[PDB]
Every structure is written in structure tokens, then in C-alpha cells.
Amino acid sequence: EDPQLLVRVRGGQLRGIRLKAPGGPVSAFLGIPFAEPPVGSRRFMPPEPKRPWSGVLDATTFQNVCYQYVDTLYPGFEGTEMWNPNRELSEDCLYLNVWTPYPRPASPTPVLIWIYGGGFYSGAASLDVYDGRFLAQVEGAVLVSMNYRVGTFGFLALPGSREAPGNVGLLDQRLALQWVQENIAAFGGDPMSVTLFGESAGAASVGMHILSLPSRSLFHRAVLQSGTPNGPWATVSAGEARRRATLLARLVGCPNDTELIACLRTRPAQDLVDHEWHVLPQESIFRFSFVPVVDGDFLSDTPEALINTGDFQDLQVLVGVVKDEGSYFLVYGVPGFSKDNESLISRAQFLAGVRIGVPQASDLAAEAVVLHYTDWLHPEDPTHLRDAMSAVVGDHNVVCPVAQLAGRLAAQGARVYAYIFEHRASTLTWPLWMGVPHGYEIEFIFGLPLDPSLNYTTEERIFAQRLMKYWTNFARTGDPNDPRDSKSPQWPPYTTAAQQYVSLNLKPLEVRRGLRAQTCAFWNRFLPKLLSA
Amino acid sequence: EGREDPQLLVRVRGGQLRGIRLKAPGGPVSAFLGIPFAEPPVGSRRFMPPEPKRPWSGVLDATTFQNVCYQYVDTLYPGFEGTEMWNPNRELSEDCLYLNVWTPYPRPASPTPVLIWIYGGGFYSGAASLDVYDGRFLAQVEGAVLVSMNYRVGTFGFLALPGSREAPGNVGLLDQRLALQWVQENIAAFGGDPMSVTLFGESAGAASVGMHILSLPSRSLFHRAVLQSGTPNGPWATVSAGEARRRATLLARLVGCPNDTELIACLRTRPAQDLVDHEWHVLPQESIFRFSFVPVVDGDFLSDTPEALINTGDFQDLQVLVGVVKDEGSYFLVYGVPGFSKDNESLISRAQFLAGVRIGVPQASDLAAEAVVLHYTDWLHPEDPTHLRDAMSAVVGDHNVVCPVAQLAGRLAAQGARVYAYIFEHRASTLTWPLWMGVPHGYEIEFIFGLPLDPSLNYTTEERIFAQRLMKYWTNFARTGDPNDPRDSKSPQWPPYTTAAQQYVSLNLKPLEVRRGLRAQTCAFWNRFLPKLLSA
Ligand SMILES: CCN(CC)CCNS(=O)(=O)c1cccc(OC)c1
Ligand SMILES: CCN(CC)CCNS(=O)(=O)c1cccc(OC)c1
Ligand SMILES: CCN(CC)CCNS(=O)(=O)c1cccc(OC)c1
Ligand SMILES: *[C@@H]1O[C@H](CO)[C@@H](O)[C@H](O)[C@H]1NC(C)=O
Ligand SMILES: *[C@@H]1O[C@H](CO)[C@@H](O)[C@H](O)[C@H]1NC(C)=O
Ligand SMILES: *[C@@H]1O[C@H](CO)[C@@H](O)[C@H](O)[C@H]1NC(C)=O
């Protein structure tokens, strides 16, 4: 048998599989357990390290996807299904994946760790868009991705209780990270050069590892694509988590914390998923029922508090957004919007849409939003009202939280690089009005255009290769700039003074200044004073 | 009579007048200056509505400007032309209710459209006799009949104890109205057409014009209206009855007059100068672009607030011309905002900007103030002194003039009026204020009146041509309700302002350019959002 495909890790022996990439083979080790299955009475509990095994464990296939809600809005539609679980659902889902070049690296090689997104209620490391073979083959990287518990199973919390202390899904991630420290050298990885990257909820997870001390010895650099630990959707207070859990329990017939959690533990998985969405306090979009909680433990204070006071001198961060962050969410509840027409909306529908997109807003706060985003030269034009609705959602939930994070990190000594991703895929199945939606940079970072069967353009292939190089160069050095290329133009560090960032698209890098500066001043500076009164 | 110019003798309702033959660059004009239109509002008549002038005997000499109404005189920059040109140029007196008439020489054959000028000056100052209001150029070049009147200002014109008989308020506006009635009766004697009367005025003069539009008994007295950098709506042009009463009661205390009858009777014993000396001490907050004694919402001259009145009115057959200059706010900054001077660049700090906003928006709560600061800050360069200086100017200009105008143009258009809007962007080569002030409040006036036609004034040839264009627009509008020339389709057109398209034009050396949206985004802040905020 192939000795390249055989590895001994602390828990026992593994057999991987030789996979084909367009320019050569890669070694893949898929479905490696990093924890005891969090089932039965381990539901809602922190993960425990996997017990050693006998013989040779088969690591040639993806393991099960963590139990989660499955999307039904557009059945059979490629643009939604590409995010749906592509393996069997199970609470037994704590496994990770490793790609390395074939043969395994001669020298200790920088490690990239992918943390998938999905609103803390969905996602899996087995999706096609997270295929690590391209980065491994082309850039010679060691790539790791783990599954972590989502929804109630990962984030249901009765703060203070022993049996549901919250944030266990984040603890799953942390265990996977510890696993990398202990075992990655056997694959050729360098545990002293570990870069986390993630998107949406994944980016916010990365952010929370930055902000949580026990995670700090497990990585060296971070990438946050379209998501932040701060902001309106990524965390909840202990009181609001307690409320939601208690509500969900009542909804499923349960019933002290111990009694309540015991009854929840007897409920079949889908019974919990059936009521997951019924515990949000307001009708809303870009809000998720079970997300990380400010527990005073994993998170000692709010992300905002923690980014304001931190010391980040030896940290390097790459952060960014896509061109149309908000468009994807509108078709999931805002009247007037559909992937099947041009979604031209009235003025009235725009005011209604705002109460949904900013569900915490007072009447006055919502008025401020409407008045800010209305183009008063064309206050009733449906095309603008549509594009503004999208902008309200994108800015409130991604762009401005990102601008706030970038600035706090830079000011606190961190080395920050910022981007905006503006290329819309030729193969994109969503309508034109949605532009470049949340999530559609990922396929380019992972190098999917290199797969000739996917029908991307030749320029898109060249573009994907550029992005893979930025990301890996960042992983190697904390600087995305090619140390060979002497004719660029260079990607400068984001600073509070100059506020420089770059556009990523088919044209060469362009340097811009101010990331929605005026509009984010409204969100980040004015609106809080308004709600505080 | 006998051996005098037979073209200079005219009779009006109150008696015979002798006028003067004046030289304009292109030929002579007739002037009749210091024609009384009211009984002197002195003594027991102070604070009272004006009474029509009683007929005189003999030929009244009307060859010189009469007294300027008693008023505060500016002392900020002594000897400086930039300020002096606005200061009284005749003796101050409470006996000041006179008006002036310029007509072609000889007087016109057929009835001629009449222009009536109402000066500004914050309702505390001004005079129709000033050099920048010289009607000879419009009379000579355009053949217009021009009329300007003195009206009472400050305490004498606007001190009010609402509901009382002895100080009902707004008497300064009734002076104006009385002069408008005088024109209806008498202007035909000078060759003027009382059926074509166009009001125009600047700043508080503009606001005055707007108040005549909003007050029924003035409506039979004119046909068209021009409002230059001022509106009856907005934060400075009116006060409530409650606030007017509070200010009058305070000023009374300050001068030694602690029901309404006895208070006012004590005030009438006070020397005019005593009232002026305490006028500024009754403002409720440290402020700029605020004036102590202004028109009051009395339920009489003004049946409701101007805001309410422009919201609900029918303005079907009204044609209006409105507009602003490029830098409405700059002039006011040197009269109160620390950091600002005509004698340096006035580059200011962020702190000074925050302090300036509280003064420039004196009625703002802390939250509203912060909304202002956040809106006007440049978040790419939030500490930049040049930007902060220019933003301070924009705050004051937008809040007080540009957005109230936008609001007025919008409401009047929506209610059936034909509206024409402009921005005036040319800075006089002769301006004595520093460059950073740009095109300040009041500095289009000298062009509308045609002062650059006076060769002794050192304007450029382009400015001379420019001035003639503006005179054409104004007089065409007076004549027809349209500033465009029907014998000049070749020249670019000035479209009406509409809610749908929001068109206005640039006024400078270059041919008319059409722009859309009168600071639409920023004015949505001032006009739509800020009132909601102050409510809570
Ligand atoms: C992996 C991230 N995306 C790609 C956009 C997959 C979907 N997850 S999501 O968080 O973006 C999302 C979208 C729509 C409605 C949602 O709440 C019901 C949540
Ligand atoms: C020089 C300061 N040290 C030691 C006091 C603290 C660590 N500083 S850091 O910038 O390397 C950093 C900060 C936060 C999260 C991190 O993820 C690894 C890394
Ligand atoms: C009517 C002519 N103007 C200048 C346009 C002469 C000054 N008068 S003012 O009202 O514009 C003004 C300006 C600055 C500071 C002020 O203190 C209150 C008052
Ligand atoms: C788009 O589709 C949805 C439902 O399919 C509908 O509610 C909306 O009115 C449509 N918009 C247009 C452009 O007709
Ligand atoms: C300009 O002059 C004023 C008044 O003397 C002063 O307060 C301000 O500091 C000066 N600013 C500059 C730029 O020197
Ligand atoms: C115009 O120029 C002459 C040149 O001597 C000067 O004397 C005069 O003062 C100037 N005009 C004005 C109003 O300053």
C-alpha cells in the first residue's frame, strides 16, 4: 500500500486517499475524529478528546454533516443547494479533513485552517466550494477543515448551568485547533505557522478565537471574510440566550436548568430543528436563533468591549467584504423580493423592509435609516429602492461591522489588510440584480476555476490563481504581497489615518480610501446614541 | 413753478412732489426720494401700526434720501468697506417712514411693470438709501419703475406683546404693506403699472416678501415675487407669541420698565438709543444668524406658522423666483464663532467646530448637535482644519438659508406655483472679504442692481456683461413671470423648479447651466429628519 497515504497521529493510524487535481495528485485524509461523539448525554456539552483507536482508521471519505436545518426555499436550485449538506445528517459529526501535497512536504509547511460559515445554524466542511485540493496542489499548502456543532446542538445555552454552558460549537473548533498543534507535523504541517480563515459565521468564529485567550496559542494569523465577532447578529447576551432556550424547550414540551436540559436531551434531533426559527424576538433577516453567547468565559465581555481594549501588536489580519453583501438575504422574507424577477419595490415596501432588516430599531431609528438611504433626487425609483434595501442589510450586518473591526485592530497595534471583492462569477445562477452576493468570493479563494469541467472563463482562472497567492502569501508571512513580484501595485496596510483598501477583480489591484466611511459613521457612531435614547 | 424742469413735477395723493434728474452711464433717470407714506411713528405712536401720511401743502422737495430707521450700527470692523456698505448712510431717526421711486427720463409712455425692493438686515437693520440698492441702472437700462421703502426694524418694528393694543407686533411688516398700498394708488402718476407689481428682496427682505405671500391682505398688492437668500419659513425669520412676549418683557426689565399697557407706556418714555443698546441681550442662547425682534406668529398678519401655511396653501397663479449664493454661512462666522476672522485663514480645530455647531444651531439638543457634527464631518479627514472651517460655513448656510429655500421651492411647486430657482456662484473681483468666505451672503445684490455699469467702480468687462444678463432675467420675470427671453431661443433656457425634476440654474460668468437637486441629501437631513429628532 501507498506509504504516502499512511500517517500515525497521537490516536492511532490513518489511511488517506490519493486525489487528482488538474496539475497533479494530492493526499487527502478525510473524516478524522477529533472528539468523542457528542451524543446522548453529551448533547449541549463541551467536546472531549477522541479516544485512541486500534488498527488503521479509514480516512478516505467525508464523514457526516452536523445536524442542522436544510433549506427548502428553492428546491433543486443550484445557488441554494450548493450550501446544503452533501452527506448524511448526524449529531455524530465531529471530524476534520486534511489536504497536503503528494508526496507530503519535505519541509514544515504553513497551515491554513478553514472554518465554514452558515449563520451558526448550518454548514459543513464537505461542501464542494471548500475543496482544499487546489490550494494544496498549486500553492503546496497544508489545508485543514473541521466540522463543528451548529444550531441548538452547538449554541443552545442556559448560562451558568453545568449541562448547557453555551458556545460548545466554538469549543469544537478550539479542540480541532489543538488537534492541529499536536498532529499536523506528521502531515508535514508547521504548527508554528497556522492561519485561520473563514467566511460569514466562520469569519465571526475566527474573530472570537482572536478575542478568547485559550485560543491564542493555537494560531498566528487570521482572515475574516464577510463576517465579524462584533456587530448585530454574531452574539447574544446571556439573558437573551436563556430566553430563547427556555422558549424552545416549552415549544417541544419541556418541561431548574438540569430538569429542563434532561428533557431536551430525550428529544429527537429534528424535533429541535423544527422549532429553531420560532424563538427570534422579531420578524427579521440576517438573524439567527442560536449563536455564540457572552458568557463571561469564552467571551469575557462583548466583542465590542474586547476590540476596544485589546493589545494586538503581533497579530496580522486580512479582512474584507463582497460588493453586494445584503442581496442574498432579501429573498428570504422581504416582501417584493424574488430570485425570479427584478424585485422592483415601492417606497412603502422599502419602509417595511427596513423594520425587518433592522428589527431592533425604534420607529425613529428606522426613520433615520430610510432618510439616509433614500436618494432624494429619485426618492420613488424602484431600482434605487431595491439596491438601497440590499445596501441597508449589507452595511448594517457586514460592511460597517468590518470597518469598525479593521479600525479598532489597526489602532490597537494589529497589522491589517482590507479588501472588497467585486467580481461576479460568469457561472453564477442568481439573478443579475443581486450582483456579487454574500459567499461568492469563496469559490475563487479555493481555486475552483482551475477545474476545467466547471466552465469558468480563462480570465477567471487567472484571477483565482491571483487570490490563492494573496491568501497563501498572507499565511506564509502576514503580508499578502508577492515578495517576488516587483511590479504590482502593492496592497498597503489598512490604517486609521489613510484607511486604504484594495478592490479584487479582473483588473490589477486598485487602492481606495475609506470603506463606506460616511455611511459607516452613521451606523457605528450615530445610531447607538439614538437607541441609547 | 416756472423755471424748473417740467419733467420733475408730479402729484400724488398727499400732494405735489419735485424730483431730481440723475445721471446714469447710459443717460438720465428721474428720482423721487424721501416721499413720506405714513405719519411719523414717534412718541405715543412707537410700537403702533402705521397711519397713512396726511396730505401736505406746497411742493415737497423729493431730491434727497430721508432718515434711516433707528437701528444698531455695526462696529466689528471699523473703517472696513465690507461692513460699512451695509451701515446707515443718513441720520438715524424714528421718523423714517419714507419711500423712493426711480423711473426713466422722461417718464414712460405706456404703463410700466413695477419692481419693489425690500431690504434685508435681520429685521434689526437696513435702509433703502444704500448704494447697493441704487435703482438708477434698472430704471435706465431696462426702463423699469423701481420703488424701495424704509420700514421700522428692531424693537421699533417688531417688539410685541401679543394680544395687546399698544404693541400688537409685526408693525414693520405693516409699514411695508402701507408702502405697497401707496404704490397701488400713486404709481400710475409716475408711469408705473399698478397691475404689474413684482416684489423682490434679500435675506430678511426675502423673508418679508414671503410673509406678504402668506398674508391675505397683502395679496391684492402684488403679482409676482422674488426671494433672494431668505424665506419666511426656517429658524430665524419668525418667533412664537410666547417667545416674543418673553423677549419684550426682558428688554423692558433691562431698561427700567418692570398690565401690558403700563409696561409699553414706560418703554415709550425711553430714548431710542437705550432700546438699541439692550436689543442683543434678550436672545435665549449664544447664537449666530438669530435676531432678537422679528415677525411674530400672531394669528393675524400670520394666521399660523409659515411652515403650516406653505403646506396647505393654494398658490395656483403665483410665479416666484428664488435662490441662494454659494457661501451663505461664511459672513456670520466672524460675528461669534471662536477661531474665525476676516484677517486670517480661520483654519479651525475639531473642538472649535463642535463649539461652533452649538452656536450655529443654538436650539439643538446635544443629540441633534451630534447628528449635525456627524453628518458634516469628513470621516476620511475628520481633523482637517480647512475642511472643518468650510463645514462650519456650510452648517450655518444650509440650516438658515439653503434648506429653507429648498423646502419653500418644493412646497410652493407642489401647491401650483411656478417656481424658478438659482444658485449665484460668481465672486466680485472688487470683494474686500477674504477668499475663504467664497461668495458671501448679500453679494449678488450689487449685480442685480447693475452697479458694475458704473465705470468708477472698477468691475471687469465680463462682470459688466454679467450684470446686464441678471438685470434682464429679473426684469423679464417682473414683466412676464418668466426670466427667459422670448427673442433668444438660442441662449440656454431656465426651466421651472419641479418636485419631479428639481431643476435650478447656475448664475456666473459662463452661460446658464442646469443642475438637479438643491442639496437634496443634506436638506433631507435638515428638513425631514431633524424635526423628528428634536420632537423626542
Ligand atoms: C454559507 C453562507 N451562505 C452563503 C450565502 C449560505 C446560507 N447561510 S446565510 O447565513 O448566508 C443565510 C442566507 C439566507 C437566509 C439566512 O437566514 C435564514 C441565512
Ligand atoms: C505582544 C502582546 N502579546 C503578549 C503580551 C499578546 C499577544 N499579542 S498578538 O498580537 O500576538 C495576538 C493578540 C490577540 C490574538 C492573537 O491570536 C494569536 C494574537
Ligand atoms: C442685509 C445685508 N447684510 C449682509 C448681507 C448686512 C448684515 N446683516 S446680517 O443680518 O446679514 C448679519 C450678518 C452677520 C452678522 C450679523 O449679526 C447678527 C448679522
Ligand atoms: C417578484 O416575485 C414575487 C413573488 O414571486 C412577487 O411578490 C413580486 O411582486 C414580484 N415583483 C415583480 C417585479 O412583479
Ligand atoms: C484668526 O483670528 C482670530 C481672532 O484674532 C483667532 O481667534 C484665531 O486663532 C486666528 N486663526 C488663525 C489661523 O491664526
Ligand atoms: C478704481 O481705481 C482707481 C485708481 O486710482 C482708484 O482710485 C479707485 O479707488 C478705484 N475704485 C474704488 C471704488 O476703489
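Whatever order the structure lists them in is the order used to number ligands and atoms, beginning at 1. Here is the naming used below: chain letters follow the sequence lines, and residue numbers restart at 1 for every chain. Computed over heavy atoms, backbone and side chain alike; hydrogens, waters and symmetry mates excluded.
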Is the shortest distance from atom 14 (C) of ligand 2 to a protein heavy atom below 4.0 Å?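 Yes, at least one protein heavy atom sits under 4.0 Å from atom 14 (C) of ligand 2.
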
Protein heavy atoms: any of them under 4.0 Å from atom 3 (N) of ligand 2? no

Nitrogen or oxygen atoms of A:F219 and ligand 2 under 3.5 Å apart: no

Please determine, by modelled atom types, if [X] and [Y] share a side-chain donor-acceptor pair under 3.5 angstrom.
X      : Y      : value
B:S456 : B:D454 : yes
A:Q412 : A:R408 : yes
B:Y77  : B:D343 : no
B:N89  : B:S129 : yes
B:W280 : B:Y72  : no
B:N100 : B:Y133 : no
B:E81  : B:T432 : no
A:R221 : A:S193 : yes
A:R476 : A:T472 : yes

Relative to the heavy atoms of A:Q313, which atoms of ligand 2 are at a distance of less than 4.0 Å? 10 (O)

For A:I210, the ligand 2 atoms whose distance to one of its heavy atoms is below 4.0 Å: 14 (C), 15 (C)

May I ask you to check whether over 12 heavy atoms, not counting those of B:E286, lie within 6.0 Å of atom CD? no

Say whether A:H220 and ligand 2 are in contact under the criterion: heavy-atom distance to a ligand atom below 4.0 Å.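 So A:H220 does not count as touching ligand 2.
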
Nearest non-hydrogen contact to atom 8 (N) of ligand 2 from the set A:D311, A:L213, A:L409 belongs to A:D311

Over 60° means perpendicular and under 30° means parallel, so classify the ring planes of B:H441 and B:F332, tilted if in between. tilted

Note the single closest protein heavy atom to [atom], along with its residue, its atom name and the distance in Å.
atom                    : answer
atom 16 (C) of ligand 2 : A:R216 CG, 3.8 Å
atom 1 (C) of ligand 2  : A:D314 OD2, 3.2 Å
atom 12 (C) of ligand 2 : A:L315 CB, 4.1 Å

Could you tabulate the donor-acceptor pairs under 3.5 Å formed by side-chain atoms of residues 229-236 of chain A, not counting sequence neighbours?
from: A:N230; atom 1: ND2; to: A:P401; atom 2: O; distance (Å): 3.0
from: A:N230; atom 1: ND2; to: A:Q404; atom 2: OE1; distance (Å): 3.1
from: A:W233; atom 1: NE1; to: A:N397; atom 2: O; distance (Å): 2.9

Please list, in number order, the atoms of ligand 5 under 4.0 Å from a heavy atom of B:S341. 1 (C), 2 (O), 3 (C)

Under 4.0 Å from ligand 6 - residues by heavy atom, chain and number: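 Residues B:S456, B:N458 each place a heavy atom under 4.0 Å from ligand 6, listed by chain and number.
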
Any nitrogen or oxygen of B:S346, main chain or side chain, under 3.5 Å from a nitrogen or oxygen of ligand 5? no

